[PDB]
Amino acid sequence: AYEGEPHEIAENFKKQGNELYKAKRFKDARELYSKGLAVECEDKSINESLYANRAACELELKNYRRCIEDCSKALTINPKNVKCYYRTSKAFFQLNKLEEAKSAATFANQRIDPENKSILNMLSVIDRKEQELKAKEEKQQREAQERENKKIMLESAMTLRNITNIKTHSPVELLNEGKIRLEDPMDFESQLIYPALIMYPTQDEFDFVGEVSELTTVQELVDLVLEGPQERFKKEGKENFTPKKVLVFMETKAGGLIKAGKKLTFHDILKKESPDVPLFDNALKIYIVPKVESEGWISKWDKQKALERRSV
C-alpha cells in the first residue's frame, strides 16, 4: 500500500546489483539480489536472473553448496540456462566431487548447447584432474608397496640371521641417520650391510665407518681403520695401536663383554645363540683396546653402566 509495482521493484534491485558485480564487491551485490527475491513477483525472467546472479556471487565468495542451490532454483524456472550448469559444475569441481561436476557439464553439452565453450573447457578440466589424480594415486600406492617390500625383506633377513637390535636413548649423531640394507634388497640371501661404531675407549676417540659387509672379518675391519697414521691418539699407549697388538671387544645382551675373535665374521658373531651379541641402533659397536691394557679395562667394565644406556 505504501508502494507497489513489485515487478519494477524487483528489476530495481536487479539492475542495481549488476553494477556491483562489475564493481567487484560481491557480498553487497549478493544481498541486493536477495531483496529482489523477497518481493516474490509473478515474473519468470526477473526471478531466473536474480537466482542465476546470486549463484554467481556465491561462487566468487566460494560458498559452493549455496551456489548449487541458487543454480537449482534458476533451473526450475529455466532448465535450458547454460550459465547455471557451468556454475554447478565448477562448484562441484571445487568441492572435489568430479562425478557430480561431470554429470552437470555433460547434460549441458549433450542436451542444451554442444557449441558452448565454457562447458567444453570444464569437461577438459574435469578430464585432466581425473587422470592427474590417477597418476598421483598409482605413484603413492606403488611407493608405499615398494617401501613395505623393502621393510619385510629386511626383517626376514635379520630374523633369519638371528640378529637382535637393542635401541639406546643417546646415540651420537652419526648413528641416527640409519643405514642398514641388503646388497640385493629383494633377495634376503645376499649380503646384509650395516654401519659400525669403532670405539677406542683408552684414548676417548671413535671412528664411524658407514658400510661394513657382514661377511667381513674382525681382522679385516681392524686392518682398515688402523692403517693410516693416527693423528688422533694423544693419550697414553698410542704406539700399541696396530692390528697385531690390539684386541676387539663387544657388548652382550646381558650387559657384559665378549672378546670378538679376529678370524670370525660379523655374521657368525651376531648369529650365535650363546653368547648373544646384538647390534645397537641398527649398527655394530666394537671396542678396540691394546693387548697390554685389556686386563685392567675388562675389570673396569661396569655392567649396569651399559644396561642403563639402553631405551627399555
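Numbering starts at 1 and follows the sequence shown.
Here the stretch with the larger average CA B-factor, out of 262-270 and 39-47, is 39-47. On average the C-alpha atoms of 127-135 have higher B-factors than those of the other stretch, with 78-86 and 127-135 being the two compared.
Within the listed group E236, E99, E155, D223, the record reports its top CA B-factor for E236. Remark: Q230 belongs to the highest third of its chain, ranked by C-alpha B-factor as recorded. In the PDB entry, a CA B factor belonging to the lowest third of its chain's modelled residues is recorded for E214. In this PDB entry, the Cα temperature factor of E69 sits in the bottom third of its chain's modelled residues, the lowest group.
Ranked within its chain, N165 lands in the middle third, by CA B factor from the PDB record.
The deposited CA B-factor of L284 belongs to the lowest third of values across its chain.
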